[PDB]
Amino acid sequence: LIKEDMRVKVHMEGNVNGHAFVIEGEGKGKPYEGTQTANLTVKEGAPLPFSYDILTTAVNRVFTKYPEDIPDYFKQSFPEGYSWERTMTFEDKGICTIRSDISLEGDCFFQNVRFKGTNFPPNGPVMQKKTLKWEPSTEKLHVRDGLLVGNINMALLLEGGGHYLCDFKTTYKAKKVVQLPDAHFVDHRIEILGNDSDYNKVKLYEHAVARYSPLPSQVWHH
Amino acid sequence: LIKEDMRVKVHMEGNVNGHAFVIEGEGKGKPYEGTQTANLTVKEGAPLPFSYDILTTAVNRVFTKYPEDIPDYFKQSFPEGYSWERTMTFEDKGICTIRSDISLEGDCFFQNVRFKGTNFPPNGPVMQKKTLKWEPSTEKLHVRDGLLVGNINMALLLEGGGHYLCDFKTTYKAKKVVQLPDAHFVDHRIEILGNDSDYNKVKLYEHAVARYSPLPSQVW
Numbered sequence: 003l004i005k006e007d008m009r010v011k012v013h014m015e016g017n018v019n020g021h022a023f024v025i026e027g028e029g030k031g032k033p034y035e036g037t038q039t040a041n042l043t044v045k046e047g048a049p050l051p052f053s054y055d056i057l058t059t060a061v065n066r067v068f069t070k071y072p073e074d075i076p077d078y079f080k081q082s083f084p085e086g087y088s089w090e091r092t093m094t095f096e097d098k099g100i101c102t103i104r105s106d107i108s109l110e111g112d113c114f115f116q117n118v119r120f121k122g123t124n125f126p127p128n129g130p131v132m133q134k135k136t137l138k139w140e141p142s143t144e145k146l147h148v149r150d151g152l153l154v155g156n157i158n159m160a161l162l163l164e165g166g167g168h169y170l171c172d173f174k175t176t177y178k179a180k181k182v183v184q185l186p187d188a189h190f191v192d193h194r195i196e197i198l199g200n201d202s203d204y205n206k207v208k209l210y211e212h213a214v215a216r217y218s219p220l221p222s223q224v225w226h227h
Numbered sequence: 003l004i005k006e007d008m009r010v011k012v013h014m015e016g017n018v019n020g021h022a023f024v025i026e027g028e029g030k031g032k033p034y035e036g037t038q039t040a041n042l043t044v045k046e047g048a049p050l051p052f053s054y055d056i057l058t059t060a061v065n066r067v068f069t070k071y072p073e074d075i076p077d078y079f080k081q082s083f084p085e086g087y088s089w090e091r092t093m094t095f096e097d098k099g100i101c102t103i104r105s106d107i108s109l110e111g112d113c114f115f116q117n118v119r120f121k122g123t124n125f126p127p128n129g130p131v132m133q134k135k136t137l138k139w140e141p142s143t144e145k146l147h148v149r150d151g152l153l154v155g156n157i158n159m160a161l162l163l164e165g166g167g168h169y170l171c172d173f174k175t176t177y178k179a180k181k182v183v184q185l186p187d188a189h190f191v192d193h194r195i196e197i198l199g200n201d202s203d204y205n206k207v208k209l210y211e212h213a214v215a216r217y218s219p220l221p222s223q224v225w
């Protein structure tokens with residue numbers, strides 16, 4: 003069903019500090035390898051007056070390397086697929102709320118995303134476009150009320166040095182009954198590989214790998 | 003100054019939901035391997051009417070394995086040492102604030118700890134003692150305001166299933182100028198190895214290893 007090589011289609015409709023935008027993307031990835039690349043084009047709202055980086059994580066946990074001893078919530082969901090809802094809570098009170106529907110037609114995932122950012126300060130790094138990138142991250146995942154929940158301490162590296170912090174909560178919800186995993190981790194690294202001056206054109210990449218703690222337990226448990 | 007085998011001495015003055023208590027500990031560890039074990043004794047305030055697990059992470066990042074290419078903020082700090090302050094913010098409005106001073110006498114670290122906990126629901130997992138253990142964790146650390154800060158999405162496994170969440174923020178402050186690391190991670194596993202039913206006597210272990218991302222950057 004989910005092949006070694008798969009395609010990606012992204013539509014994103016958004017609004018940040020009252021600024022409306024539409025982004026379209028096409029990409030490819032290796033689902034079992036947890037890697038993918040996408041090419042993003044701004045259809046509306048150009049030139050974006052805010053940091054592109056707030057958008058990149060909204061552009065699919067199907068692209069995560071899962072070891073055999075951890076049930077794969079996301080690959081198991083197909084062909085029905087899944088959706089997710091995320092809150093991005095920034096340390097200066099900027100907040101983003103995102104919802105995405107992940108469907109599959111043929112070899113291509115369609116990712117229909119709704120993005121809203123509000124309350125970013127005019128002098129802050131988002132509106133002044135002072136971010137360089139996201140640090141790589143570790144997402145902690147558990148089951149809460151029957152759904153899969155991920156939490157992350159994210160940090161955007163800033164021009165002139167230093168970090169601008171963001172707390173990520175995502176709730177992932179399969180559209181069919183999938184086998185649920187114990188608490189685990191996903192290591193991430195998201196990166197813009199290339200862009201034009203205005204970020205109207207962007208080449209984006211993510212690598213993600215699921216795992217347990219690498220440290221052995223000292224106490225036997227069932 | 004830091005040998006491959008080192009000693010620990012713990013003194014904790016505590017108060018949780020108005021319950022006063024004192025804990026003394028003695029332990030040993032391998033600073034370069036990231037492992038240590040401690041034997042803790044409730045000196046005053048026995049028996050504790052809350053879950054022991056809230057206390058355990060309060061009971065020294067000098068016991069973390071740091072690779073060559075990440076500056077070791079904690080190990081550098083000695084002989085002068087370091088202190089830390091942490092906020093534990095639970096999903097049910099329970100809150101802990103903790104301060105710790107870490108000094109070194111001979112081969113023995115002395116960890117002088119003040120623990121304050123408030124606003125735990127009287128029918129919640131902490132006051133009702135329904136936690137099983139902490140999950141293992143990954144702490145993210147970056148420099149802020151000239152000091153080292155770590156954040157963690159922590160979780161306690163519950164009797165009867167599921168997790169009870171707690172967000173950790175820690176600020177670590179060295180008592181001399183040390184070379185500061187770039188943003189990195191510390192993976193942890195804390196475990197109670199053994200206890201008497203009251204938790205008057207607890208054997209406690211932690212393992213921690215510092216690292217960068219295992220994923221290679223695509224840009225130079």
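Just so you know, the protein sequences line up as chains B and A, in that order.
Going letter by letter, the first sequence gives residues 3 to 61, 65 to 227 in the entry's author numbering.
Going letter by letter, the second sequence gives residues 3 to 61, 65 to 225 in the entry's author numbering.
Cβ atoms here follow ideal geometry from the backbone N, Cα and C, with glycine treated the same way.
Please classify residue i as buried or exposed, where buried requires at least 16 other C-beta atoms within 10 Å of its C-beta.
i	result
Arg149 (chain A)	exposed
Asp203 (chain B)	exposed
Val118 (chain B)	buried
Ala22 (chain A)	exposed
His168 (chain A)	buried
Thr123 (chain B)	exposed
Can you tell me which of the options puts its alpha carbon nearest to the alpha carbon of residue i?
i	options	result
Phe125 (chain B)	B:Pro141, B:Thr102, B:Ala48	B:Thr102
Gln38 (chain A)	A:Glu28, A:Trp139, A:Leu109	A:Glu28
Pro33 (chain B)	B:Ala215, B:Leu161, B:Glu26, B:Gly122	B:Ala215
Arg194 (chain A)	B:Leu220, B:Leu209, B:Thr176	B:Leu220
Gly151 (chain B)	B:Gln133, B:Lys180, B:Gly165	B:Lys180
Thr136 (chain B)	B:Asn41, B:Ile197, B:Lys5	B:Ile197
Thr176 (chain A)	A:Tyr78, A:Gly36, A:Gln184, A:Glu73	A:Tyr78
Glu96 (chain B)	B:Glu35, B:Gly129, B:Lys5, B:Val182	B:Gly129
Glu73 (chain B)	B:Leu161, B:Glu35, B:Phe52, B:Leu57	B:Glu35
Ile56 (chain A)	A:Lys30, A:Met159, A:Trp89	A:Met159
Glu140 (chain B)	B:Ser218, B:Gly31, B:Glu211, B:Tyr87	B:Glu211
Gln81 (chain A)	A:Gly166, A:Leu153, A:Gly99	A:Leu153
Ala40 (chain B)	B:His21, B:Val61, B:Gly166, B:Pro51	B:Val61
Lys30 (chain B)	B:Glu90, B:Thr143, B:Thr123, B:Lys208	B:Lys208
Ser222 (chain A)	B:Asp192, B:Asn205, B:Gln223	B:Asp192
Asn205 (chain B)	B:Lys11, B:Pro51, B:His168	B:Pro51
With H, G and I counted as helix, E and B as strand and the rest as coil, what does DSSP make of residue i?
i	result
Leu162 (chain B)	strand
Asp77 (chain A)	coil
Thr59 (chain B)	coil
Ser108 (chain A)	strand
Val183 (chain A)	coil
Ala48 (chain B)	coil
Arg66 (chain B)	coil
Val131 (chain B)	coil
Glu28 (chain B)	strand
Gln223 (chain B)	coil
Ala188 (chain B)	coil
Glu211 (chain A)	strand
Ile103 (chain B)	strand
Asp172 (chain B)	strand
Just the Cα atoms here: how many angstroms apart are residue i and residue j?
i	j	result
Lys174 (chain B)	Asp7 (chain A)	40 Å
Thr43 (chain B)	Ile25 (chain B)	6 Å
residue 234 (chain A)	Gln116 (chain A)	Outside the displayed range of chain A (3 to 225) lies residue 234 (chain A), so it cannot be described from this structure.
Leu170 (chain B)	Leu161 (chain B)	6 Å
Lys5 (chain A)	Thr59 (chain A)	23 Å
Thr69 (chain B)	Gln133 (chain A)	38 Å
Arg66 (chain A)	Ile75 (chain A)	14 Å
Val183 (chain B)	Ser53 (chain B)	36 Å
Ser105 (chain A)	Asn200 (chain B)	47 Å
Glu85 (chain A)	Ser108 (chain A)	7 Å
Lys121 (chain B)	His13 (chain B)	14 Å
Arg9 (chain B)	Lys98 (chain A)	44 Å
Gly155 (chain B)	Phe114 (chain A)	36 Å
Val224 (chain A)	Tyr71 (chain A)	25 Å
residue 2 (chain B)	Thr92 (chain B)	The requested residue 2 (chain B) does not occur in the structure, where chain B is confined to residues 3 to 227.
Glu110 (chain B)	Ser88 (chain B)	15 Å
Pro127 (chain B)	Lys138 (chain A)	44 Å
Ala213 (chain B)	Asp112 (chain A)	42 Å
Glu90 (chain B)	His227 (chain B)	33 Å
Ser142 (chain A)	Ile100 (chain A)	19 Å
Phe83 (chain B)	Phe83 (chain A)	55 Å
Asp172 (chain A)	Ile157 (chain A)	6 Å
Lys178 (chain A)	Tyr217 (chain B)	30 Å
Using only the heavy atoms of the ligand ATP, determine whether one of them is closer than 7 Å to the beta carbon of residue i.
i	result
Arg216 (chain A)	With respect to the ligand ATP, the structure offers nothing, as it holds no ligand at all.
Exercise for review: Output, in sequence order along the chain, the residues in the region 170 to 198 of chain A whose CB is closer than 7 Å to any CB in chain C.
Suggested key: Looking at the structure shown, chain C is missing, and the protein chains on hand are B and A.
Review point. When the Cβ atoms of the region 39 to 47 of chain A are set against those of the region 11 to 26 of chain A, are three or more pairs found closer than 8 Å?
Key: yes
Review point. Do three or more CB pairs link the region 178 to 192 of chain A to the region 134 to 148 of chain A at distances below 8 Å?
Key: yes
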